[PDB]
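What the coordinates show
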Amino acid sequence: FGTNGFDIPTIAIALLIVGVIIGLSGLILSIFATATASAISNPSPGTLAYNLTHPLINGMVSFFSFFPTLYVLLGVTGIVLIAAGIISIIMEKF
Amino acid sequence: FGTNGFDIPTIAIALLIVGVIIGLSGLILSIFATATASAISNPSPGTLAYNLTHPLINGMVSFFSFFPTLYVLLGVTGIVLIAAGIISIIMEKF
Amino acid sequence: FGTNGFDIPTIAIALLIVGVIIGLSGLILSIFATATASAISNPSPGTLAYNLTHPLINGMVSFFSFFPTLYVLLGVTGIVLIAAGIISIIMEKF
Amino acid sequence: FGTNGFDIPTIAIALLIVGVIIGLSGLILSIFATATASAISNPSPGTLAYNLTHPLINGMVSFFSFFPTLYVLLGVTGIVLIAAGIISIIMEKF
Amino acid sequence: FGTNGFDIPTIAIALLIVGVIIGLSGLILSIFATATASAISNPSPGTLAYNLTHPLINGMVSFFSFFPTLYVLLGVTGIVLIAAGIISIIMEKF
Amino acid sequence: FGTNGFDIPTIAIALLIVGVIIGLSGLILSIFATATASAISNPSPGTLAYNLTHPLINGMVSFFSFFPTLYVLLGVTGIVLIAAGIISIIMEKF
Amino acid sequence: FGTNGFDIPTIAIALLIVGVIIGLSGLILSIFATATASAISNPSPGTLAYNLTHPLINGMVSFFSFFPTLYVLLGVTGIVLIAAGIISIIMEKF
């Protein structure tokens, strides 16, 4: 069901794949992050270990705040692909 | 039953395929998402794990809100295909 | 699901990998730094050992303060990659 | 009764096997865990043996709380397999 | 009685086989589950054995609740097979 | 019941094995640690034997506090394995 | 009366054998246990012999409470065997 490489079943299967992979990503990362939170302690506000450890957790927080927009762009990509498929169909189907 | 590659039985079979695949997609994703929801807990509003985990679930929500329009476009594609078939029939059938 | 090398599943898997690796980095470094903090003592403010040891801990502090911006840039890189993928799709998909 | 490797009798037999194995797993683990609970005592809240033993039982509890989601995913897998079988039948049966 | 591989007697025999296998599955699993229920006891709501054992029975319950939809899909498969047979007959019988 | 090496019965048997081994580990270590606690005495807070013995018990305590996170990671590993199996099934089952 | 190794007379004879052996087991064990009960006395609740002897009778009680489920599983096995025989008959008898 298509013209050259645009196959609606193929597209649906691909969407299947990305959705399940993303669900698993969220699952694994949340579970692992829970363990991370459990492991690290809070030594003191101003002792040596604080100086040694604080920037690391800051970098953690930063990267994880970067994740959402990555996901948003990844989602946006599919609309572009489906649109290109539609236009390619229209161009030479007539 | 057609002219070159437009076969009404073929079209019906293809519609069959996309419909069943989409039903299965919804089924699997809903079932898996239920497990995801069960797995992740709500630690606290402001502790370390919250900072570590909140953006992930935000990205989850965003992508899943992106799904519907993808499905709508996928559905729209078939009307275009059937239309092109009709026009191609008309062009050289007379 | 892509054109030449841009595969949304591949991208999601890669994000998976970087996230888990970074979580483990934070975990290991925090745990090891706790041991470092435990090991070194505070001899005195002005004796020989102080002269011998203070610059080392200063260098420690400096490098660990350098980490966060490294992480921020690493996070920024992915948006660039996804953007290039989008543009490459658009260029020849039409 | 099938096309290439999808055999409904084979599937039913496989389900048989997983179900009985899982029942036996629950049986054996529960019985053994009862013996474990009987064996270990509660020395005191703060003596040496408490320091020596508490983290072990904590790890026990953690792993056993990890079991349920493992089982849930294992169960989910079969729906995926049956779905793939259905789709494979449909693809070339017509 | 057929064209290439679609034989109504063969189909009836296959249905025979799946039905009897499924009946036996239900029989064996119910009988074994009765023994499982008899074996495991209820120690206490909050003691060590409870922590040690509860997630296992939870996983049991989950998987067994997953069974029904597996059976439903397995049943659905046969209608698809018979339909494909009918269509294949019609295609080249005329 | 699988595609290449992913076998649900095999997975269940493996889970069986890890669970029983971990239960036995907890059992043996707790029993042995009880004997350790019984054997060592508390000489005095400041005599020679105290200087000679205290760091050893400190190292004991440290390592045993390290155990729990080891167990947590070990548990996390299985979810990853089952996920990879699911994705591998999905990739070429369609 | 069978196909390859499934012989209803053979099965009946085997059932004969297991039943009589189990009856004799119960007989001998009950008779011997009566003698055991007669032999051992009850010295006192707290004297030396009590410390020396109580765990032994506890182990006796435990093992004998383990017997019933062993018997139940042994009984379950025969239904499985007869079922496999039925299915094997059906498979190639047609």
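Residues numbered from 1 in each chain as written, not as in the entry; some residues may be left out. Chains lettered and ligands numbered in written order. Part of a larger assembly, values for the part shown. Heavy atoms only, no water.

Looking at the entry header, you'll see cryo-EM listed as the method and 4.3 Å as the resolution.

**Concerning the overall build of chain A**
For clarity, the cut-off: A run of H or I in DSSP counts as a helix once it spans at least four residues, and a run of E counts as a strand once it spans at least two, with each numbered from the N terminus. Only the C-alpha atoms count toward the radius of gyration. The rule for a globule is 2.2 Å times the residue count to the power 0.38. The accessible surface values rely on the Shrake-Rupley method and a 1.4 Å probe; as for residues, cover is taken only from the protein chains in view.
Broken down by element type, chain A carries two helices and zero strands. Scaling as 2.2 N^0.38, a compact globule of 94 residues should have a C-alpha radius of gyration of about 12 Å, whereas chain A reaches 22 Å, well beyond that. The principal-axis extents of the C-alpha atoms in chain A amount to approximately 75 × 20 × 15 Å. In the structure as shown, chain A presents an accessible area of about 3,500 Å², 66% of it carried by carbon and sulfur atoms.

**Here we look at helix α2 (residues 48-93) of chain B**
Let me state the cut-off plainly: To estimate the expected span of a helix, subtract one from its residue number and multiply by 1.5 Å. The term bend refers to the angle at a residue between two fitted axes, each drawn through seven residues, those ending there and those starting there.
For α2 of chain B, built from 46 residues, the straight-helix expectation of 68 Å at 1.5 Å per residue is met to within 8% by its first-to-last C-alpha distance of 70 Å. Maximal helix bending in α2 of chain B amounts to about 30°, located at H54 of chain B; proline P55 of chain B follows within four positions.

**With respect to the packing of aromatic side chains**
The line we're drawing: Centre distance within 6.5 Å is the pairing criterion for rings of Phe, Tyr and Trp, where only the six-membered ring of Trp is used; planes under 30 degrees apart are then read as stacked, over 60 as edge-to-face, and the remainder as tilted. Remark: exposure states derive from per-residue accessible area (1.4 Å probe, protein chains only) relative to the maximum for the residue type, with buried under 20%, exposed over 50%, and partly exposed in between.
Here the structure, examined in full by the defined rule, presents 21 aromatic pairs over all chains. Between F67 of chain B and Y71 of chain B, the ring centres sit 6.2 Å apart and the planes meet at 45°, which makes this aromatic pair tilted. Placement of both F67 of chain B and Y71 of chain B in helix α2 is noted, with a separation of four residues, approximately one turn of the helix. According to the relative accessible area criterion, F67 of chain B is buried, its value standing at 11%. Take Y71 of chain B: its relative accessible area is 34%, and that puts it in the partly exposed class. One aromatic cluster in this structure is built from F63, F64, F67 and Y71 of chain A.

**Observations regarding the packing of helix α2 (residues 48-93) of chain A against helix α2 (residues 48-93) of chain C**
Put simply, the test is: Lines are fitted to the C-alpha atoms to define the axes, a helix being fitted only along its stretch in contact, and any angle between axes, read from their N-to-C directions, falls within 0 to 180 degrees. Angles are sorted into four bins: roughly parallel if under 35 degrees, roughly antiparallel if over 145, roughly perpendicular if 65 to 115, and oblique for all others. Put simply, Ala, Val, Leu, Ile, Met, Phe, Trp, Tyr, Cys and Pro go in the nonpolar bin, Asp, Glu, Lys and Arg in the charged bin, and everything else, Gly too, in the polar bin.
Orientation of α2 of chain A relative to α2 of chain C, taken along the N-to-C sense of each, is 5°, at an axis distance of 8 Å. When the interaxial angle is binned, α2 of chain A and α2 of chain C end up roughly parallel. In terms of residue class, the contact of α2 of chain A with α2 of chain C is built from 24 nonpolar, eight polar and one charged.

**Observations concerning the interface of chain D and chain F**
Interface extent is often summarised as the accessible area lost during association of the parts. Heads up, the condition is: The contact criterion used throughout is that any non-hydrogen atoms of two residues lie within 4.5 Å. Computed with a 1.4 Å rolling probe, the buried area is the accessible surface lost when two parts are put together, summed over both parts. Note on definitions: salt bridges are taken to be side-chain nitrogens of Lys or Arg within 4 Å of carboxyl oxygens of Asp or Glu. Two N or O atoms count as a polar contact when they lie within 3.5 Å, although within protein this holds only if one can serve as hydrogen donor and the other as acceptor, and sequence-adjacent residues are included solely when both atoms are side-chain atoms.
Each partner contributes residues to the interface: chain D has 37 residues there, and chain F has 39 residues. Here chain D packs against chain F, burying approximately 3,700 Å² in sum over the two surfaces, 91% of which is carbon and sulfur. The largest contributions to the chain D side of the interface with chain F come from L56, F63 and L81 of chain D, which together make up 16% of the buried area. Joining chain D to chain F, the criterion identifies zero salt bridges. Between the two partners, chain D and chain F, sit zero residue pairs in polar contact. At the level of secondary structure, the elements contributing two or more residues to the side of chain D that touches chain F comprise α1 (8-39) and α2 (48-93) of chain D. Here the side of chain D that touches chain F takes 25 residues from α2 of chain D, the largest share from any one element. Across the side of chain D that touches chain F, the residue classes tally to 29 nonpolar, eight polar and no charged.

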